[PDB]
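A.B. asks: In order, the protein sequence lines correspond to chains A and A'. A prime marks a further copy of an entry chain.
The deposited numbering applies: residue 27 is where the first sequence begins, and numbers increase by one.
The deposited numbering applies: residue 27 is where the second sequence begins, and numbers increase by one.
Just so you know, even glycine gets a beta-carbon here, dropped at the ideal spot from N, CA and C.
Number of protein chains: 2
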Amino acid sequence: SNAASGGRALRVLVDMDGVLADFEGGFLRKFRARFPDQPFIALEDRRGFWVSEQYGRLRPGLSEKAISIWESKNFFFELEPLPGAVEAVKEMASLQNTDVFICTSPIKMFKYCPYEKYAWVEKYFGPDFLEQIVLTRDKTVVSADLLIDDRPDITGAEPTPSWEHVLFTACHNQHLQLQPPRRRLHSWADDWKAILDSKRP
Amino acid sequence: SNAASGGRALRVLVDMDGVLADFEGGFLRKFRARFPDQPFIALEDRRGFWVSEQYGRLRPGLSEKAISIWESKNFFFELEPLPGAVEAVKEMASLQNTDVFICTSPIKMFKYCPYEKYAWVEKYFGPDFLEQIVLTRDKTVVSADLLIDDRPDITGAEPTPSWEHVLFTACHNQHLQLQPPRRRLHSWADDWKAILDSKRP
Ligand SMILES: Cc1cn([C@H]2C[C@H]3O[C@](c4ccc([N+](=O)[O-])cc4)(P(=O)(O)O)OC[C@H]3O2)c(=O)[nH]c1=O
Ligand SMILES: Cc1cn([C@H]2C[C@H]3O[C@](c4ccc([N+](=O)[O-])cc4)(P(=O)(O)O)OC[C@H]3O2)c(=O)[nH]c1=O
Ligand SMILES: [Mg+2]
Ligand SMILES: [Mg+2]
């Protein structure tokens, strides 16, 4: 909930794909359904942020096939929420002196993805939560205390972002050793309130 | 153009409706075409940021009719650029040590508006400029040196935005007296480079 008059709430940016929405699992399911005669990458074996790059190494032309899954209509809309994600973000947004924004990057093909992200947020959080969406390819120009995001290296036009990036664990990043004092949120079952509280005055 | 390694470019946020895209003129044209037996507000007579509020005072039910224009498919996509806007922003983005983002708020009805804004940017600035779009209802959480925007009072979760708001003149705000030392950009013919240069190191 917002701070009082001209006051300062803790501001938390919550990533969408890989934090609220199960992009990796949705992708694998739809990939295997559309391309049942192609090899695929089990989630346990995922390495590196870019799915299409790993697929492109697995067999020639598979990068383009992988891309065609997330460029398809309904791919973003039909992603399942991560366990505990909707409940956690609902709770977080209800906390005193705490402003929550969903900060997400659309893919390059924009026919469906922006629309479907808004629709997904409306579905799981309600119409009033649409006010909290920030769509950007550059998260470094969004100011906050925290950014909870599964991408390991978040860069852009601002060399010194105001937020601390807490890495949200995903299949593609779970083995990564981070430079101290970078921190993780291992899942929504993990103690996200303690992370927030560490940044409060 | 971006700064060098970990370096700091001047960052300018450029609003879309009323700065790049002619929302007021597009609205009036389509309103009069769809509702030719209703009274309307000439641009010269526009007062206050919210078109639907002024229309709602003009005759009962006209607020809802006004809203139905911008909720229609193709309304955002078909807006004409303001004179000099595309040329100015192209030039600005080519300047050394200058990063330009288009920072725009979607309407509440999201079926068409986000998509059409991306499509409009692609049309006038090209595919590579899509990287520069930030869609948000709260501009105060986007950090920059300048925000060029026709809305007079830009507020949100950050009580002390990093940007200076330069008011871009529009029909609805042209008579407004601003509190010193608030500044205007009167049109894209006006000297926007001098405004940028005033914020450089
Ligand atoms: C969020 C996410 C997306 N992707 C896919 C989806 C698609 O996204 C992009 C992509 C690239 C850059 C950024 N960005 O730096 O903001 C977002 C998405 P696209 O190039 O926009 O299609 O990169 C290639 C593809 O990679 C992934 O492979 N893994 C992810 O975790
Ligand atoms: C940009 C702009 C939009 N409108 C219209 C369009 C529609 O926008 C909103 C609107 C409201 C708030 C914000 N915002 O504070 O980010 C954006 C758009 P909607 O409520 O989202 O439909 O307000 C009512 C309508 O008012 C205007 O009347 N004038 C404008 O300059
Ligand atoms: Mg992510
Ligand atoms: Mg505007």
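Would you call the CB atoms of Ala183 (chain A) and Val167 (chain A) closer than 8 Å?
C.D. replies: Yes, the pair counts as a contact, with Cβ atoms nearer than the cut-off.
A.B. asks: Can you tell me whether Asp154 (chain A') is helix, strand or coil according to DSSP?
C.D. replies: helix
A.B. asks: Would you say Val38 (chain A) and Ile180 (chain A) are within 8 Å of each other, going by their C-beta atoms?
C.D. replies: no
A.B. asks: Report yes if the C-beta of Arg209 (chain A') is less than 7 Å from at least one heavy atom of ligand 3; otherwise report no.
C.D. replies: no
A.B. asks: Going straight from the alpha carbon of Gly52 (chain A') to that of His212 (chain A'), what length do you get?
C.D. replies: 20 Å
A.B. asks: Looking at ligand 4, does it come within less than 7 Å of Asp164 (chain A'), judged from the CB to the closest heavy atom?
C.D. replies: no
A.B. asks: Sorry if obvious, but does the Cβ on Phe75 (chain A') come closer than 7 Å to a heavy atom of ligand 2?
C.D. replies: Yes, Cβ of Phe75 (chain A') sits closer than 7 Å to a heavy atom of ligand 2.
A.B. asks: Within 10 angstroms of the Cβ of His201 (chain A'), are there 16 or more other Cβ atoms? Answer buried if so, exposed if not.
C.D. replies: exposed
A.B. asks: Figure out for me which residue from A:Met135, A:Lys134 and A:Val115 has the closest Cα to the Cα of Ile128 (chain A).
C.D. replies: A:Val115
A.B. asks: Tell me whether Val45 (chain A) counts as near ligand 3, meaning its Cβ is closer than 7 Å to at least one heavy atom of that ligand.
C.D. replies: yes
A.B. asks: Could you check which residue in A':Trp146, A':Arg85 and A':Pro178 has the C-alpha nearest to that of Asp48 (chain A')?
C.D. replies: A':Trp146
A.B. asks: Ligand 3 heavy atoms versus the CB of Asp48 (chain A): any closer than 7 Å?
C.D. replies: Checking every heavy atom of ligand 3 against the Cβ of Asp48 (chain A), none is found closer than 7 Å.
A.B. asks: Taking its Cβ as the centre, do 16 or more other Cβ atoms sit within 10 Å of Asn100 (chain A), making it buried, or is it exposed?
C.D. replies: Result: exposed.
A.B. asks: Going by alpha carbons, who is nearest to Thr162 (chain A) out of A':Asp216, A':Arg34 and A':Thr130?
C.D. replies: Checking every option, the nearest Cα to that of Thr162 (chain A) belongs to A':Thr130.
A.B. asks: Say yes only if the C-beta of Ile133 (chain A) is nearer than 7 Å to one or more non-hydrogen atoms of ligand 6, and no if none qualify.
C.D. replies: This structure lacks ligand 6; the ligands present are ligand 1, ligand 2, ligand 3 and ligand 4.
A.B. asks: Using a Cβ cut-off of 8 Å, which residues of the stretch 31 to 43 of chain A' contact any Cβ in chain A, in chain order?
C.D. replies: Within the stretch 31 to 43 of chain A', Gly32, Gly33, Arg34, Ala35 and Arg37 place their CB atoms closer than 8 Å to a CB of chain A, listed in sequence order.
A.B. asks: Roughly how many angstroms lie between the CA atoms of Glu90 (chain A') and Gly82 (chain A'), to the nearest whole one?
C.D. replies: 8 Å
A.B. asks: Buried or exposed for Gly44 (chain A), please, with buried defined as at least 16 other CB atoms from any protein chain shown within 10 angstroms of its CB.
C.D. replies: Label assigned to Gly44 (chain A): buried.
A.B. asks: Answer yes or no: do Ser31 (chain A') and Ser169 (chain A) have a C-beta to C-beta separation smaller than 8 Å?
C.D. replies: No, the Cβ-Cβ distance between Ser31 (chain A') and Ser169 (chain A) is not below 8 Å.
A.B. asks: Output the distance between the C-alpha atoms of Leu108 (chain A) and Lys219 (chain A'), rounded to the nearest integer angstrom.
C.D. replies: In a straight line, the C-alpha of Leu108 (chain A) is about 47 Å away from that of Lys219 (chain A').
A.B. asks: Distance check for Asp71 (chain A) and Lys225 (chain A'), CA to CA, integer angstroms please.
C.D. replies: 49 Å
A.B. asks: Along the alpha helix (DSSP H) that carries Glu190 (chain A'), what are the first and last residues, could you check?
C.D. replies: Boundaries around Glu190 (chain A') are those of the beta strand (DSSP E), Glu190 to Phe194, since no alpha helix (DSSP H) includes it.
A.B. asks: Is it buried or exposed, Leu172 (chain A), if we count other Cβ atoms within 10 angstroms and call 16 or more buried?
C.D. replies: buried
A.B. asks: Using only alpha-carbon positions, find the residue among A':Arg60, A':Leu204 and A':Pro178 that is nearest to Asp41 (chain A').
C.D. replies: Put simply, of A':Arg60, A':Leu204 and A':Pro178 the residue whose alpha carbon is nearest the alpha carbon of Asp41 (chain A') is A':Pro178.
A.B. asks: Using the Cβ count rule (16 or more neighbours within 10 Å means buried), how would you classify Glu113 (chain A')?
C.D. replies: exposed
A.B. asks: Compare the C-beta of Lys134 (chain A) with all C-beta atoms of chain A' and state if any pair is closer than 8 Å.
C.D. replies: Yes, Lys134 (chain A) lies at the interface with chain A' (some Cβ there is under 8 Å from its Cβ).
A.B. asks: Pull up the distance between the alpha-carbon of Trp96 (chain A) and that of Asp176 (chain A), whole angstroms please.
C.D. replies: 18 Å
A.B. asks: Check whether the Cβ of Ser169 (chain A') lies closer than 8 Å to any Cβ atom in chain A.
C.D. replies: yes
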